[PDB]
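Undergrad: Shown below is the structure under consideration.
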């Protein structure tokens, strides 16, 4: 059953990655909109730098949350494939998964 299990896992990883890319494109377009809103209205390089740092921090947050979920799936899959008796699973959460 390794083939179909690996297929389902690959589709699930792809789902995580495509969701991340949708979120990041949305937030980057929102940062562009916010920066243009500052540009046309009253704004100096202070407010521009603040909004840019905030948008980039949120984009790091999205990327790193999706990356932690991808690494979660990675350890799930490698653990299942290399599973053997006498192996200890310390994380109760990973065992439930």
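All Cβ positions, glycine included, derive from the backbone under ideal geometry; neighbour counts span all protein chains shown. Taken together, the values in this text are just the output of simple stated rules run on the coordinates, not laboratory data.
Undergrad: Name, by its number, the condition in (1) assigned to a helix (DSSP H, G or I); (2) surrounded by 11 or more Cβ atoms within 10 Å (Cβ to Cβ) that does not hold for residue 43.
TA: Result: residue 43 fails condition (1) only.
Undergrad: How many of the residues making up segment 46-77 are over 16 Å from the mean Cα position of the chain (by Cα), surrounded by 11 or more Cβ atoms within 10 Å (Cβ to Cβ) and farther than 25 Å from residue 94 by Cα?
TA: Summing the residues that are over 16 Å from the mean Cα position of the chain (by Cα), surrounded by 11 or more Cβ atoms within 10 Å (Cβ to Cβ) and farther than 25 Å from residue 94 by Cα in segment 46-77 gives 6.
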